[PDB]
Every structure is written in structure tokens, then in C-alpha cells.
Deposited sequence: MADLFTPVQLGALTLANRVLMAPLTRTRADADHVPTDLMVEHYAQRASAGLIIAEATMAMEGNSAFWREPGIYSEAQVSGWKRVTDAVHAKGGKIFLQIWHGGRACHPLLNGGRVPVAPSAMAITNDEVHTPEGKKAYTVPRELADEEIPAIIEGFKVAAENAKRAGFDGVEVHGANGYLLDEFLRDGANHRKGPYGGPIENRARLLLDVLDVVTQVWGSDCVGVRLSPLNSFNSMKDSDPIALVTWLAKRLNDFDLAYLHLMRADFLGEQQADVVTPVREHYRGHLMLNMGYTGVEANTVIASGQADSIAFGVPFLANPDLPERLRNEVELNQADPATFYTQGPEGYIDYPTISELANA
């Protein structure tokens, strides 16, 4: 196979293996409802084999980025339905990444509410823009409060189904709530959700269980980032962590496992792709730093089943055609990743627009 071979993912048929990774762009409205801009932006990218829509707040009152979308309210379901209808009308496929920001939900973004976490320890290697402010110490969740978080993900997953998505991706990565429980640098707690790997993975696995009850497992993916240092994250043994999870996630019959293979900050290095491919029997989606040539190489070698592209798909609405034809890519402008408005969001050109009609 290569990037342009169709692939089965759950019971969906994806047209190609050029997928769009989830990208927070903070273009939702003040009530966290998707906007006309988001409809146009995702519709422009519907030639992707699959779009994974950006981190979306599962539960009310957990903002980390000010204007991210949510999937807890009726207006949000209706807003997201505009997005999924536009993508389907172009023949694309789209999953929703459902997310709880955990200790990254700064009090100043949430009317003074104290964020929750597996342990009362703040993020220290990143700041929040609100002005630029240090993260605060989160409250340690009691064991008895964890059922309401699981229920919150179940309701988010039911709402995502009503909004017309083809499936959901559970956000188990990048230092947010599920990843904070998973990795021992952020999870110091005792009891059934702390200590050994199987306990630290319990919350993620309990979420996957309820979300699969809503959707059927072949419509649920999970994203993991075992080496990412972002938001003060570390595991003391990432190889053992991903090996255990690769084996255990077979039992959930997921649509896919979406593995970020490296560290945003370049501090933690290990080969996590090899033991994940060896032990995980399902669909392996890889991400981080793939070019078209490398992506074809790793699909053809059998090391991954698909590749999710982040910044290249942000900046190239027609990335699959560009990679197919070996045409130069548009350059991304990081200055507009998180601004408001259409500039740097819906105005990156296609090949044919570039040719100036």
C-alpha cells in the first residue's frame, strides 16, 4: 500500500491514507459553538481520507484555550452538525476528538474554577495566554468523583453521534486529563487509579469502555503521545508504557490507535513505533514530522496503516492531491494558528487557486 491506497478503518472505507490530524484553532464562538468559519475550513479539507476535528470540550467549564469548541450543549450539537454535513456533502469522513483539559484549564479561563487532575501538581514548562500567566495547582480528584468524568465523556460521545460525526477520537495525549493519569510524572496518586501501569491506564480504559458502548468500538480511536514533554509530561519508562498499552488496547477492538511518535520539545527520545506495531494488531495511525516520501515509505513497509498530517494539512487544503503529484506545499504561518478570523484559516490556496484561475 501507499498513501493513496484506500483503507478500511472500522467499517468506514477511507479514500486515501492522507489524514488530517486534530488542530486547535480557537475559531469557535464565545459559547464554544462552531462557526461558519469552521464549516468552510473543514469542508475545504474533505479530500482527506479522514478529518480528525480539533480538541473539543467534553464537559462544561473546562476551557484551556478560551475559544475552543464544545460538544456538551444543544447549540454546540447543532453547530457541529453544520460542519459534518458540509464535510459529508463533499464525500469526506470526520471524527471528533473529545477532550478534557485537566490541569491545563486555568482558573482565569473558567471564572475562577479550580481545575482537576490526578495529583495536585501544576504545569511548569508552559504558560497560558489569557496576559501570559503561570499555570496553577489543580485539585486532586477523589476516587469517588471519577465516575462523573466517565459519564461526561459518555454524554459527549452521544452528542457527537447526534452531531453526525463518523466516530470519535478519545484524547489520551499531550498532557490533558487522560494523559495526566496515564504517565507517572503527573500521576502520584495512590489507590486504583495510581501506581502501576494498569492502574494509571484505568481512567483512559474506563473512558474507552463507555465511548465504545455509545458508538460500537469500530468507530472509536485513541490518541497517545508517550514521549511528548508538552505541559510538563514525562513517563519514567515510555517503552514499557506503550508496550503494555499496545497489548491491552487489542481488547477494545478500536477503529485505530493514533500514535504521536516523538517529542514536541525534542527532549525525550525512544523508538516507540516498533514495539507498538509489533504488539498492536489493529489500525496504526502515525503522526509527527512525516513528509510525503517518508509516509509512503512507512506505509509500504507495513509499519503504519495511515499517517495523520498536522501543519501541512493546516496550510494545504488539497494536501492529498499535492502529495500525489509531488507539488510544493504552501508554507504555514504560525502567527495565525490561534487568532480570530479567516486570515490564515480559510485563505490558504489550492493548487488551482494558486495558478490564479
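Hey, which stretches of the deposited sequence didn't make it into the model?
-> Holes in the chain trace, numbered from 1: 1, 132-133.
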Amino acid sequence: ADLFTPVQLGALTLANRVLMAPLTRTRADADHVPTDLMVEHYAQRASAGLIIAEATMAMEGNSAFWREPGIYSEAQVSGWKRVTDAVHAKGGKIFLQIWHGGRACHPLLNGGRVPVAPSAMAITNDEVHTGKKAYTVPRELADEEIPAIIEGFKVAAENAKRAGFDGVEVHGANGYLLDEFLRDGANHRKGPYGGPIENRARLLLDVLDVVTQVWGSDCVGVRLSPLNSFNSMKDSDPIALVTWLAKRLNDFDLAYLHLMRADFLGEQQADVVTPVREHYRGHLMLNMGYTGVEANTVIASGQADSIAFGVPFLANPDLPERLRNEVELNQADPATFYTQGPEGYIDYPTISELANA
From here on, numbers count along this sequence of modelled residues.
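Taking the mean of the C-alpha B-factors per stretch from the entry, tell me the winner out of 117-125 and 163-171.
-> If you average the C-alpha B-factors of 117-125 and of 163-171, the larger mean comes out for 117-125.
Mean C-alpha B-factor higher for 288-296, or for 305-313?
-> In the deposited entry, the stretch with the higher C-alpha B-factor mean is 288-296.
Which is it among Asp206, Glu158, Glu140, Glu267: the one with the largest CA B-factor in the entry?
-> Comparing C-alpha B-factors across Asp206, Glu158, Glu140, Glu267, the top value belongs to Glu267.
Between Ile98, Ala201, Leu177, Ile239, which one tops the list for C-alpha B-factor in the PDB entry?
-> Spelled out: the listed residue with the top C-alpha B-factor is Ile239.
Ranked C-alpha temperature factor of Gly282 among modelled chain residues, by third = Answer is middle: the recorded C-alpha B-factor places it there.
Chain thirds of CA B-factor: placement of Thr56 = For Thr56, whose C-alpha B-factor we compare with every modelled residue in the chain, the answer is the lowest third.
Taking the values exactly as deposited, rank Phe230 by C-alpha B-factor within its chain and report the matching third: lowest, middle or highest.
-> Answer is highest: the recorded C-alpha B-factor places it there.
Relative to the other modelled residues of the same chain, rank the CA B-factor of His188 and answer lowest, middle or highest third.
-> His188: CA B-factor falls in the highest third of its chain.
Which third of the chain holds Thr24 when residues are ordered by C-alpha B factor: lowest, middle or highest?
-> Answer is lowest: the recorded C-alpha B-factor places it there.
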